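This document starts with one chain, in the form deposited in one PDB entry, laid out as C-alpha cells.
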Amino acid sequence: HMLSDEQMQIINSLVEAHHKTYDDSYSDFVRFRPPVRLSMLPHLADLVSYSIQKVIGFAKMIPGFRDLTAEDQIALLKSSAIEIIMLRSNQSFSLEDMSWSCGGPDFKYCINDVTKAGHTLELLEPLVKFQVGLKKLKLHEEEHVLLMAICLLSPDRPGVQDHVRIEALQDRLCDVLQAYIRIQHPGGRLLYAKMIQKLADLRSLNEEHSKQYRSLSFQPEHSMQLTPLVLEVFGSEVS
C-alpha cells in the first residue's frame, strides 16, 4: 500500500537519468544537418544518431545496466534503441497537430516531413497511431521513464547472453511500475496492461523500421547519409 524505499530509489534514479539525457529545450537540434522539406534524411539521421546517444546515456544509468557484460549492454541497446527512441519522442509529440515539435518550426516533424527520409507514408501510420495512443495514456514522468527502462531491459532480444539476470532487472522494474500505478495513479487500475501492450506494439514498429532501414542501408547513396553510430547500432554485425 506504500512503495518501499528501494522502489523509490529506483524511480528517483530513472527520473534523473532521463532529465540528464532528455533536453527539454531541444537546443542541440541546431547542430544537426538542417531539415529540408530524401531531403529530410540527413537531418533525421542526425536526430536519430543524437537520440541513440541520449538513450545510451540513459541506459548506463538504469540500475544494474552497467553490471551487465559489455556484450549484453550492446545486445540490449542495438535491439531496443529504436524502441526507446520512439518512446521518448512521445514527449515532443503533439495531439493537436499530430507532429513531433522540437522547440521551433524548423524542428516540427509532421508525417510528410518523414516520407522525405525514405519511408512509406503508410508504414508510418502505425508509428503515429502508436504515439497517439501512448499520448492518450497521459503517463506520469515516473511511468514514462519506467516504461523505457523496462523496454531496454527486455531479455527477449537477439544476442542477449544472460536472459536470466536481465529478466531479474526487468521484473524488479515492472514491480516498481505496477506498485507506482496502484499506489499513486488514481484511475489506473487498467494502465499497467495498456502499457505492457505498448511494449508489444513497439516490437512490431521495431520490425517495420528494420525492414525500411535495411532498404536504405543497402543503397550506398543513402547509407552514406547516415552516421557511423546509426550504421553501427542498426547494423547487423555480430558480437
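Start at 1 and count along the sequence shown; that's the residue number. What we label the rigid core is the largest C-alpha set whose atoms superpose within 1.5 Å from one form to the other.
Unmodelled residues of the deposited sequence between neighbouring positions residue 66 and residue 67 number none; the chain is continuous. Per-stretch averaging of Cα B factors for 104-112 and 140-148 places 104-112 on top. Taking the PDB entry as given, 214-222 carries the higher mean Cα B factor of the two stretches 227-235 and 214-222. When the C-alpha B factors of 85, 160, 134, 77 are read from the deposited coordinates, the top value falls at 160.
Split the chain's modelled residues into thirds by C-alpha temperature factor. Residue 154 is in the middle one. Compared with the other modelled residues of the chain, the Cα B-factor recorded for residue 37 ranks in the highest third. Ranked by Cα temperature factor within the chain, residue 81 sits in the lowest third according to the deposited record. In the PDB entry, residue 52 places in the lowest third of its chain by CA B-factor.
In the deposited entry, the Cα temperature factor of residue 190 places it in the highest third of its chain's modelled residues.
Same protein, other form: the form deposited in another entry, not shown, and the subject of what follows.
Only 123, out of 123, 168, 137, 74, shows a C-alpha shift of 2 Å or more between this form and the one not shown on alignment of the rigid core.
Once the cores line up, the CA of residue 203 ends up less than 2 angstroms apart between this form and the one not shown. After superposing the rigid core, the C-alpha of residue 54 moves by less than 2 Å between this form and the one not shown. Once you line up the core between this form and the one not shown, the Cα of residue 185 ends up 2 Å or more from where it was. Relative to this form, residue 189 and residue 155 approach one another in the other form, with their C-alpha atoms ending up at least 3 Å closer.
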